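All remarks here apply to the structure that follows.
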Amino acid sequence: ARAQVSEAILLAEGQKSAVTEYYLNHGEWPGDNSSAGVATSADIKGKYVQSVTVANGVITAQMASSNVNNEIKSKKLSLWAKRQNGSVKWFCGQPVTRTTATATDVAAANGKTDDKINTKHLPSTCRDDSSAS
């Protein structure tokens with residue numbers, strides 16, 4: 001499980017440059033994959049990953065539905081960044097959502113627990129809470 005999740009995190013990290021550069025150039029986060037200049041979400045695939053979706057700067061990877069551990073089939077994790085006075089810090093954990101392109105904070109984006117990869121299956125360094133800062 002964790003081995004599969006760690007490869008999903010690495011794939012999702014491949015979209016960070018598009019998101020960070022957009023923030024650098026616009027002072028706000030990209031609304032979707034197209035505005036970030038990246039491929040459509042279902043075309044960002046890999047080992048164990050069916051899609052990667054950019055939404056207001058949050059990068060959410062969705063695990064594949066087959067050929068993955070039963071307990072993480074089709075579940076999701078997010079990478080997201082927050083301003084910390086000039087620099088930005090990237091976080092990794094359960095799914096989050098940023099409601100607007102300019103919001104500083106994020107909210108948890110659970111799916112009524114359905115989309116959440118269980119914490120036992122997240123690498124120890126990818127357990128950031130939605131409230132992390």
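Note: hydrogens, waters and symmetry copies are ignored here, and every other heavy atom, side chains too, is used. Numbers here are sequence positions counted from 1.
In the hydrophobic clustering of ILVMFWY residues, with side-chain heavy atoms under 4.5 Å counting as a link, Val58 and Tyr22 come out apart. Note on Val106: it does not cluster hydrophobically with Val19, by side-chain heavy-atom contacts below 4.5 Å among ILVMFWY residues.
Using a 4.5 Å heavy-atom cutoff, the side chains of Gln50 and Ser74 are in contact. Two residues are said to be in side-chain contact when any heavy atoms from C-beta on lie closer than 4.5 Å; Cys92 and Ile9 meet this criterion. Looking at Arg2 and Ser124, their side chains come closer than 4.5 Å, going by heavy atoms from C-beta outward. Side chains of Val52 and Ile59 form a contact here, defined as non-hydrogen atoms less than 4.5 Å apart. Proximity of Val5 to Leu122: side-chain heavy atoms (C-beta onward) are separated by under 4.5 Å at one or more points.
Using modelled atom types, no side-chain atom of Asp115 and backbone atom of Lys76 make a donor-acceptor pair closer than 3.5 Å. Remark: side-chain polar atoms of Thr40 are not paired, donor with acceptor, to backbone N or O of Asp43 under 3.5 angstrom. The backbone N or O of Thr119 lies less than 3.5 Å from a partner atom in the side chain of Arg127, making a donor-acceptor pair.
Applying the ring pair (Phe, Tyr, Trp, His ring centres under 6.0 Å) definition to pairs two or more places apart or across chains, those involving residues 82-126 are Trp80-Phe91. The side chain to side chain donor-acceptor pair (under 3.5 Å) analysis of residues 28-38, with sequence neighbours excluded, yields the pairs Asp32-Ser35.
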If you apply the rule side chain to side chain contact (heavy atoms under 4.5 Å, CB included), what do you find for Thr53 with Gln62, and how did you get there? CA-CA 8 Å; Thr53 305; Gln62 185 177 24; over 6 Å; no

Identify every side-chain donor-acceptor pair in residues 64-73 under 3.5 Å, counting partners at least two apart or on other chains, and give the distances.
{"from": "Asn69", "atom 1": "OD1", "to": "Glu71", "atom 2": "N", "distance (Å)": "3.2"}
{"from": "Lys73", "atom 1": "NZ", "to": "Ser65", "atom 2": "O", "distance (Å)": "3.0"}

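When all heavy atoms of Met63 and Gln4 are compared, the closest pair comes out as CE-O, 3.8 Å. Closest of all the heavy-atom pairs between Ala81 and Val88 is CB-CG2, 3.5 Å. Nearest heavy atom pair, residue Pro30 against residue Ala36, reads CB-CB, 3.8 Å. Minimum heavy-atom separation, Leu11 to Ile44: CD2-O, 4.4 Å.
Remark: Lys16 NZ is packed, more than 12 non-hydrogen atoms of other residues, nucleotides or ligands lying under 6.0 Å away.
Partners of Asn110 under the side-chain hydrogen bond (donor to acceptor under 3.5 Å, both in side chains) rule, at least two apart in sequence or in another chain, do not exist in this structure. Under the side-chain hydrogen bond (donor to acceptor under 3.5 Å, both in side chains) criterion, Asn118 pairs with no residue, sequence neighbours left out. Not counting sequence neighbours, the partners of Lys82 by the salt bridge (charged side-chain N to carboxylate O under 4.0 Å, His left out) test are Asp105.
Note: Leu77 CG to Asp128 CG = 11.5 Å, rounded to the nearest 0.5 Å. For the atom pair CD1 (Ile117) and OG (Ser78), the distance works out to 9.5 Å, reported to the nearest 0.5 Å.
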